[PDB]
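Shown here: my_file-v3.tsv, TSV, C-alpha atoms and all ligand atoms.
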```tsv
chain	number	residue	atom	x	y	z
A	1	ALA	CA	41.41	243.98	86.37
A	2	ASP	CA	42.55	243.55	82.77
A	3	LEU	CA	41.07	245.22	79.69
A	4	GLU	CA	38.30	242.63	79.25
A	5	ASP	CA	37.20	242.97	82.87
A	6	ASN	CA	37.19	246.78	82.65
A	7	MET	CA	35.05	246.66	79.51
A	8	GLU	CA	32.56	244.30	81.12
A	9	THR	CA	32.23	246.71	84.05
A	10	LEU	CA	31.49	249.58	81.65
A	11	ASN	CA	28.99	247.44	79.73
A	12	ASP	CA	27.06	246.17	82.75
A	13	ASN	CA	26.89	249.46	84.63
A	14	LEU	CA	25.41	251.26	81.63
A	15	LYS	CA	22.46	248.88	82.02
A	16	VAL	CA	22.40	249.39	85.80
A	17	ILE	CA	21.93	253.11	85.12
A	18	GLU	CA	19.17	252.43	82.57
A	19	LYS	CA	17.41	250.16	85.09
A	20	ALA	CA	17.74	252.62	87.98
A	21	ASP	CA	15.28	255.25	89.13
A	22	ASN	CA	17.10	257.14	91.92
A	23	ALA	CA	20.20	259.28	92.25
A	24	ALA	CA	22.16	256.98	94.58
A	25	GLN	CA	21.85	254.03	92.18
A	26	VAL	CA	22.98	256.11	89.21
A	27	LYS	CA	25.87	257.66	91.19
A	28	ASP	CA	27.09	254.26	92.38
A	29	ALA	CA	27.11	252.85	88.84
A	30	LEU	CA	28.80	255.90	87.33
A	31	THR	CA	31.49	255.75	90.01
A	32	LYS	CA	32.13	252.13	89.07
A	33	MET	CA	32.31	253.11	85.38
A	34	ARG	CA	34.81	255.88	86.15
A	35	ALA	CA	37.14	253.47	87.97
A	36	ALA	CA	36.98	250.94	85.12
A	37	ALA	CA	37.69	253.62	82.50
A	38	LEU	CA	40.62	254.97	84.53
A	39	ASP	CA	42.00	251.45	84.98
A	40	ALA	CA	42.02	250.92	81.19
A	41	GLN	CA	43.03	254.50	80.34
A	42	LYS	CA	46.83	254.29	80.24
A	43	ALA	CA	47.71	250.89	78.74
A	44	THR	CA	48.83	250.52	75.14
A	45	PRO	CA	46.47	247.91	73.61
A	46	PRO	CA	47.85	244.92	71.63
A	47	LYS	CA	47.07	246.23	68.13
A	48	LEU	CA	49.08	249.41	68.87
A	49	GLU	CA	52.10	247.90	70.66
A	50	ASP	CA	54.43	248.73	67.75
A	51	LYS	CA	53.23	252.35	67.37
A	52	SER	CA	54.99	255.22	69.13
A	53	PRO	CA	53.28	256.65	72.25
A	54	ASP	CA	52.94	260.01	70.48
A	55	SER	CA	51.75	258.45	67.21
A	56	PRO	CA	48.39	259.77	65.91
A	57	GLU	CA	46.74	256.42	66.52
A	58	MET	CA	47.89	256.15	70.14
A	59	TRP	CA	46.96	259.81	70.71
A	60	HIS	CA	43.42	259.24	69.47
A	61	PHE	CA	43.08	256.04	71.52
A	62	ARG	CA	44.18	257.72	74.75
A	63	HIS	CA	41.90	260.65	73.97
A	64	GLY	CA	39.01	258.21	73.65
A	65	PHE	CA	39.51	257.20	77.28
A	66	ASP	CA	40.19	260.75	78.54
A	67	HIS	CA	37.04	262.00	76.85
A	68	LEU	CA	34.95	259.09	78.14
A	69	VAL	CA	36.15	259.82	81.69
A	70	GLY	CA	35.24	263.49	81.25
A	71	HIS	CA	31.67	262.69	80.29
A	72	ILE	CA	31.34	260.13	83.10
A	73	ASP	CA	32.47	262.94	85.43
A	74	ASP	CA	29.83	265.27	83.95
A	75	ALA	CA	27.10	262.64	84.37
A	76	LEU	CA	28.24	262.06	87.95
A	77	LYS	CA	27.83	265.77	88.72
A	78	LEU	CA	24.25	265.55	87.44
A	79	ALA	CA	23.59	262.59	89.72
A	80	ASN	CA	25.12	264.51	92.63
A	81	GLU	CA	22.58	267.29	91.95
A	82	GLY	CA	19.74	264.80	92.29
A	83	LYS	CA	19.01	265.16	88.54
A	84	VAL	CA	18.32	261.46	88.01
A	85	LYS	CA	16.83	261.61	84.51
A	86	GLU	CA	19.43	264.06	83.18
A	87	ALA	CA	22.19	261.82	84.53
A	88	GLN	CA	20.50	258.85	82.85
A	89	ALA	CA	20.36	260.66	79.51
A	90	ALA	CA	24.03	261.62	79.83
A	91	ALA	CA	24.86	257.99	80.59
A	92	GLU	CA	22.98	256.82	77.49
A	93	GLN	CA	25.02	259.28	75.41
A	94	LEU	CA	28.19	257.55	76.64
A	95	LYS	CA	27.44	254.80	74.09
A	96	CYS	CA	28.75	257.12	71.36
A	97	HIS	CA	32.18	256.99	73.05
A	98	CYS	CA	32.13	253.18	73.24
A	99	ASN	CA	31.21	252.71	69.59
A	100	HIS	CA	33.65	255.37	68.34
A	101	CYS	CA	36.70	253.76	69.91
A	102	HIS	CA	35.60	250.22	69.01
A	103	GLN	CA	35.16	251.19	65.37
A	104	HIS	CA	38.64	252.71	65.20
A	105	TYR	CA	40.42	249.75	66.86
A	106	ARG	CA	38.60	246.71	65.48
B	1	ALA	CA	27.12	281.82	55.97
B	2	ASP	CA	26.70	281.85	59.75
B	3	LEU	CA	26.56	279.15	62.41
B	4	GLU	CA	22.80	278.62	62.00
B	5	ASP	CA	23.29	278.29	58.24
B	6	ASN	CA	26.10	275.78	58.74
B	7	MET	CA	23.99	273.70	61.11
B	8	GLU	CA	21.10	273.66	58.63
B	9	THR	CA	23.52	272.41	55.97
B	10	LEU	CA	24.74	269.64	58.27
B	11	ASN	CA	21.18	268.67	59.25
B	12	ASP	CA	19.82	268.63	55.69
B	13	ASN	CA	22.73	266.67	54.27
B	14	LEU	CA	22.94	264.11	57.06
B	15	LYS	CA	19.30	263.34	56.23
B	16	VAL	CA	20.10	263.26	52.50
B	17	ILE	CA	22.56	260.43	53.22
B	18	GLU	CA	19.95	258.52	55.25
B	19	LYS	CA	17.37	258.96	52.47
B	20	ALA	CA	19.64	259.02	49.41
B	21	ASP	CA	17.71	257.84	46.37
B	22	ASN	CA	20.95	256.97	44.61
B	23	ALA	CA	24.52	256.27	45.61
B	24	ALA	CA	26.02	259.45	44.15
B	25	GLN	CA	23.95	261.68	46.47
B	26	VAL	CA	25.94	260.31	49.43
B	27	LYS	CA	29.33	261.68	48.37
B	28	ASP	CA	27.72	264.98	47.37
B	29	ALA	CA	26.16	265.37	50.82
B	30	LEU	CA	29.39	264.44	52.66
B	31	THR	CA	31.23	267.08	50.61
B	32	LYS	CA	28.72	269.74	51.71
B	33	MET	CA	28.91	268.62	55.34
B	34	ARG	CA	32.72	268.88	55.35
B	35	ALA	CA	32.63	272.50	54.18
B	36	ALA	CA	29.86	273.33	56.65
B	37	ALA	CA	31.85	271.85	59.54
B	38	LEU	CA	34.99	273.81	58.67
B	39	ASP	CA	32.94	277.02	58.39
B	40	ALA	CA	31.19	276.46	61.74
B	41	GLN	CA	34.60	275.91	63.39
B	42	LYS	CA	35.23	279.63	62.75
B	43	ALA	CA	32.15	280.84	64.69
B	44	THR	CA	31.43	281.58	68.33
B	45	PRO	CA	28.35	279.75	69.63
B	46	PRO	CA	25.87	281.90	71.59
B	47	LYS	CA	26.35	280.00	74.86
B	48	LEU	CA	30.12	280.67	74.71
B	49	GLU	CA	29.89	284.34	73.69
B	50	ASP	CA	31.41	285.39	77.05
B	51	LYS	CA	34.36	282.95	76.86
B	52	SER	CA	37.96	283.52	75.81
B	53	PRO	CA	39.01	281.99	72.45
B	54	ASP	CA	41.54	280.07	74.55
B	55	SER	CA	39.00	278.78	77.06
B	56	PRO	CA	38.69	274.98	77.37
B	57	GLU	CA	35.15	275.50	76.07
B	58	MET	CA	36.14	277.10	72.76
B	59	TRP	CA	38.99	274.61	72.43
B	60	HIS	CA	36.63	271.65	72.74
B	61	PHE	CA	34.12	273.32	70.42
B	62	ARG	CA	36.71	273.78	67.67
B	63	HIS	CA	38.17	270.30	68.21
B	64	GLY	CA	34.75	268.74	67.71
B	65	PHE	CA	34.71	270.05	64.15
B	66	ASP	CA	38.19	268.72	63.41
B	67	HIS	CA	37.12	265.30	64.64
B	68	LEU	CA	33.86	265.40	62.69
B	69	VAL	CA	35.82	266.34	59.55
B	70	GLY	CA	38.18	263.42	60.10
B	71	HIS	CA	35.26	260.99	60.16
B	72	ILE	CA	33.63	262.72	57.19
B	73	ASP	CA	36.91	262.14	55.34
B	74	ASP	CA	36.81	258.45	56.28
B	75	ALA	CA	33.30	258.20	54.84
B	76	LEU	CA	34.35	260.08	51.69
B	77	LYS	CA	37.23	257.62	51.16
B	78	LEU	CA	34.77	254.73	51.42
B	79	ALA	CA	32.48	256.42	48.89
B	80	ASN	CA	35.45	257.17	46.64
B	81	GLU	CA	36.43	253.48	46.84
B	82	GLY	CA	32.93	252.72	45.53
B	83	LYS	CA	31.97	251.24	48.92
B	84	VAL	CA	28.90	253.41	49.05
B	85	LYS	CA	26.86	251.25	51.43
B	86	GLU	CA	29.80	251.29	53.87
B	87	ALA	CA	29.94	255.08	53.44
B	88	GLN	CA	26.23	255.43	54.21
B	89	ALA	CA	26.66	253.21	57.27
B	90	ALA	CA	29.59	255.36	58.44
B	91	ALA	CA	27.56	258.53	57.86
B	92	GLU	CA	24.95	257.22	60.31
B	93	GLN	CA	27.55	257.22	63.13
B	94	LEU	CA	28.30	260.89	62.41
B	95	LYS	CA	25.15	261.60	64.44
B	96	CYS	CA	27.24	260.94	67.57
B	97	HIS	CA	29.39	263.99	66.72
B	98	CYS	CA	26.30	266.20	66.49
B	99	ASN	CA	24.85	264.92	69.76
B	100	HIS	CA	28.16	265.28	71.61
B	101	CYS	CA	28.85	268.90	70.73
B	102	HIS	CA	25.19	269.80	71.25
B	103	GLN	CA	25.20	268.30	74.75
B	104	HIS	CA	27.98	270.77	75.59
B	105	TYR	CA	27.15	273.94	73.67
B	106	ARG	CA	23.80	273.95	71.81
C	201	LIG	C1	38.92	253.05	73.42
C	201	LIG	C2	39.26	254.34	73.67
C	201	LIG	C3	37.68	252.35	74.04
C	201	LIG	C4	36.61	252.90	74.66
C	201	LIG	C5	36.26	254.38	74.94
C	201	LIG	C6	35.71	251.82	75.05
C	201	LIG	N1	36.28	250.63	74.66
C	201	LIG	FE1	35.35	248.80	74.91
C	201	LIG	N2	36.94	247.91	74.00
C	201	LIG	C7	38.11	248.56	73.62
C	201	LIG	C8	39.09	247.54	73.29
C	201	LIG	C9	40.54	247.82	72.82
C	201	LIG	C10	38.53	246.33	73.48
C	201	LIG	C11	39.20	244.95	73.27
C	201	LIG	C12	39.33	244.63	71.78
C	201	LIG	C13	37.97	244.37	71.16
C	201	LIG	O1	37.67	244.95	70.08
C	201	LIG	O2	37.20	243.56	71.75
C	201	LIG	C14	37.17	246.54	73.92
C	201	LIG	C15	36.24	245.55	74.21
C	201	LIG	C16	34.99	245.74	74.77
C	201	LIG	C17	34.03	244.69	75.09
C	201	LIG	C18	34.25	243.18	74.85
C	201	LIG	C19	33.82	242.73	73.44
C	201	LIG	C20	32.51	243.33	72.97
C	201	LIG	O3	31.42	242.78	73.31
C	201	LIG	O4	32.54	244.36	72.25
C	201	LIG	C21	32.95	245.28	75.63
C	201	LIG	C22	31.66	244.59	76.13
C	201	LIG	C23	33.19	246.72	75.67
C	201	LIG	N3	34.44	246.96	75.14
C	201	LIG	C24	32.32	247.67	76.17
C	201	LIG	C25	32.55	249.03	76.20
C	201	LIG	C26	31.62	250.05	76.62
C	201	LIG	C27	30.18	249.76	77.12
C	201	LIG	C28	32.21	251.24	76.46
C	201	LIG	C29	31.63	252.65	76.76
C	201	LIG	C30	30.92	252.88	77.87
C	201	LIG	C31	33.56	251.01	75.96
C	201	LIG	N4	33.72	249.65	75.80
C	201	LIG	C32	34.50	251.99	75.68
C	201	LIG	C33	38.32	249.93	73.55
C	201	LIG	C34	37.48	250.91	74.05
C	202	LIG	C1	30.24	271.48	67.78
C	202	LIG	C2	31.50	271.01	67.58
C	202	LIG	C3	29.05	271.05	66.88
C	202	LIG	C4	28.96	270.01	66.02
C	202	LIG	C5	29.99	268.92	65.66
C	202	LIG	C6	27.63	270.02	65.43
C	202	LIG	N1	26.95	271.10	65.96
C	202	LIG	FE1	25.00	271.54	65.51
C	202	LIG	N2	25.14	273.13	66.78
C	202	LIG	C7	26.24	273.51	67.53
C	202	LIG	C8	25.87	274.70	68.29
C	202	LIG	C9	26.81	275.44	69.26
C	202	LIG	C10	24.60	275.01	67.99
C	202	LIG	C11	23.76	276.20	68.52
C	202	LIG	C12	23.80	277.26	67.42
C	202	LIG	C13	23.01	278.50	67.77
C	202	LIG	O1	23.20	279.55	67.10
C	202	LIG	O2	22.20	278.45	68.72
C	202	LIG	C14	24.12	274.03	67.04
C	202	LIG	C15	22.86	274.01	66.49
C	202	LIG	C16	22.38	273.10	65.58
C	202	LIG	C17	21.06	273.11	65.00
C	202	LIG	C18	20.01	274.19	65.34
C	202	LIG	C19	20.39	275.36	64.41
C	202	LIG	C20	19.50	276.56	64.65
C	202	LIG	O3	19.11	277.21	63.65
C	202	LIG	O4	19.18	276.85	65.83
C	202	LIG	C21	20.97	272.07	64.15
C	202	LIG	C22	19.76	271.65	63.28
C	202	LIG	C23	22.24	271.37	64.17
C	202	LIG	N3	23.07	272.02	65.06
C	202	LIG	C24	22.55	270.24	63.45
C	202	LIG	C25	23.74	269.56	63.52
C	202	LIG	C26	24.02	268.25	62.98
C	202	LIG	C27	22.99	267.38	62.21
C	202	LIG	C28	25.30	267.92	63.29
C	202	LIG	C29	26.06	266.63	62.92
C	202	LIG	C30	26.16	266.26	61.62
C	202	LIG	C31	25.87	269.03	64.01
C	202	LIG	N4	24.89	269.99	64.16
C	202	LIG	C32	27.17	269.11	64.50
C	202	LIG	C33	27.45	272.88	67.57
C	202	LIG	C34	27.78	271.75	66.84
C	203	CO	CO	33.05	266.43	75.35
C	204	CO	CO	37.75	259.35	65.75
```
Whole structure given in structure tokens:
Amino acid sequence: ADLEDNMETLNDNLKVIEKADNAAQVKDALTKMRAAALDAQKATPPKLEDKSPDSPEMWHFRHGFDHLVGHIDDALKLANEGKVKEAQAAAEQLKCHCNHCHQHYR
Amino acid sequence: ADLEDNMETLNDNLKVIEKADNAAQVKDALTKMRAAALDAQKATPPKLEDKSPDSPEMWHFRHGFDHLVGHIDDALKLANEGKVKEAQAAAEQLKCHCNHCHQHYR
């Protein structure tokens, strides 16, 4: 999977979680989101290829993925507790992470 | 001023930006939010009263204010460039910073 494929996985599985009503469905989708975020986590994106890996911009970009993974992990723990609706609300709050990184990079 | 005071300041002024009757109110409210955020960064939230100042919890709490301030500064630059509608639009996305830290520690 490349960056575009990883982002489509994140996009679609957010909606899977919204559509769901049980813990197994939400867990399955969050697990898919976690793998997609981890797949995209380490690559330097094209607009930052000329920046140093420790540059402020690259640091903030990598932190965007690390922080997204952290909150996916937290939502997954809620799903593993059978707390379906709390896990769904946590998943909805992931959208803040998506929009924050997009706004920086675009 | 204490943490509750600082949060009232942030809440009132975020709404001032949403409702600003004139463009100049936006920069004035961002200025007050910046100071409130830097003050709140020096407090201990009640739910973390039993945590070390070096705990990952207090680290993430303090970092959230640095990041909020960074995005307040972006909005201030827009308003100082006279791009006051862009600044108001940016201020809207500050709500994600509030929701994120609250999810953890409010
Ligand atoms: C940086 C730390 C990012 C995070 C977190 C998320 N995305 Fe992303 N996204 C990022 C890049 C560099 C790109 C490619 C360049 C571009 O601006 O398109 C993308 C692209 C997408 C896309 C495709 C285009 C679009 O419709 O916006 C989608 C659908 C997308 N991203 C979705 C998405 C979601 C749902 C995220 C959070 C759950 C998310 N992205 C996080 C960088 C980063
Ligand atoms: C952490 C980095 C935070 C950020 C960023 C914001 N807030 Fe917050 N807020 C935080 C905590 C730990 C608490 C609990 C404080 C307590 O003493 O219990 C709060 C609380 C509030 C409140 C309620 C205040 C009260 O009197 O109980 C409000 C209205 C509030 N916060 C508003 C607010 C807004 C609008 C923010 C974004 C602009 C924001 N806060 C950021 C921690 C953090
Ligand atoms: Co967090
Ligand atoms: Co940022």
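The closest residue to ligand CO 204 (chain C), picked from A:80, A:96, A:60, A:72 and counting only C-alpha atoms and all ligand atoms, is A:60.
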> Cα RMSD of chain B on chain A, all Cα atoms paired in order, least-squares fit?
Replying inline: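 Once chain B is overlaid on chain A, the RMSD is 1.3 Å.
Atom pair CA of residue 24 (chain B) / CA of residue 94 (chain B) has a distance of 18.5 Å (rounded to one decimal).
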I'd like a table as JSON lines: residues in chain B with an atom no more than 12 Å from chain A, each row giving the shortest atom pair and its distance in Å to one decimal, only C-alpha atoms counted, sorted by chain and rising residue number.
```
{"residue": "B:60", "atom": "CA", "partner": "A:67", "partner_atom": "CA", "distance": 10.5}
{"residue": "B:63", "atom": "CA", "partner": "A:63", "partner_atom": "CA", "distance": 11.8}
{"residue": "B:64", "atom": "CA", "partner": "A:67", "partner_atom": "CA", "distance": 11.6}
{"residue": "B:67", "atom": "CA", "partner": "A:60", "partner_atom": "CA", "distance": 10.0}
{"residue": "B:68", "atom": "CA", "partner": "A:100", "partner_atom": "CA", "distance": 11.5}
{"residue": "B:70", "atom": "CA", "partner": "A:60", "partner_atom": "CA", "distance": 11.5}
{"residue": "B:71", "atom": "CA", "partner": "A:100", "partner_atom": "CA", "distance": 10.1}
{"residue": "B:74", "atom": "CA", "partner": "A:104", "partner_atom": "CA", "distance": 10.8}
{"residue": "B:89", "atom": "CA", "partner": "A:103", "partner_atom": "CA", "distance": 11.9}
{"residue": "B:90", "atom": "CA", "partner": "A:103", "partner_atom": "CA", "distance": 9.8}
{"residue": "B:92", "atom": "CA", "partner": "A:96", "partner_atom": "CA", "distance": 11.7}
{"residue": "B:93", "atom": "CA", "partner": "A:100", "partner_atom": "CA", "distance": 8.2}
{"residue": "B:94", "atom": "CA", "partner": "A:100", "partner_atom": "CA", "distance": 9.7}
{"residue": "B:95", "atom": "CA", "partner": "A:96", "partner_atom": "CA", "distance": 9.0}
{"residue": "B:96", "atom": "CA", "partner": "A:96", "partner_atom": "CA", "distance": 5.6}
{"residue": "B:97", "atom": "CA", "partner": "A:96", "partner_atom": "CA", "distance": 8.3}
{"residue": "B:98", "atom": "CA", "partner": "A:96", "partner_atom": "CA", "distance": 10.6}
{"residue": "B:99", "atom": "CA", "partner": "A:93", "partner_atom": "CA", "distance": 8.0}
{"residue": "B:100", "atom": "CA", "partner": "A:93", "partner_atom": "CA", "distance": 7.8}
{"residue": "B:101", "atom": "CA", "partner": "A:93", "partner_atom": "CA", "distance": 11.4}
{"residue": "B:102", "atom": "CA", "partner": "A:93", "partner_atom": "CA", "distance": 11.3}
{"residue": "B:103", "atom": "CA", "partner": "A:90", "partner_atom": "CA", "distance": 8.5}
{"residue": "B:104", "atom": "CA", "partner": "A:71", "partner_atom": "CA", "distance": 10.0}
```
>> Report as a ChimeraX atom specification all protein, DNA and RNA residues lying within 12 Å of residue 10 (chain A), evaluated on all atoms listed in the file, omitting residues in the same chain fewer than 4 positions from it.
In response: /A:3-6,14-17,29-40,65,68-69,72,91-92,94-95,97-98
Take every atom of region 101-105 of chain B listed in the file, pad by 4 Å on each side, and give me the axis-aligned box centre and edge lengths in Å, one decimal, as AutoDock Vina command-line options.
```
--center_x 27.0 --center_y 271.1 --center_z 73.2 --size_x 11.7 --size_y 13.6 --size_z 12.9
```
> Distance atom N1 of ligand LIG 201 (chain C)-CA of residue 8 (chain A), one decimal place?
Replying inline: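 Spanning atom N1 of ligand LIG 201 (chain C) to CA of residue 8 (chain A) is a straight-line distance of 9.8 Å.
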> What does the distance between CA of residue 26 (chain B) and CA of residue 84 (chain B) come to in Å, to one decimal place?
Replying inline: 7.5 Å
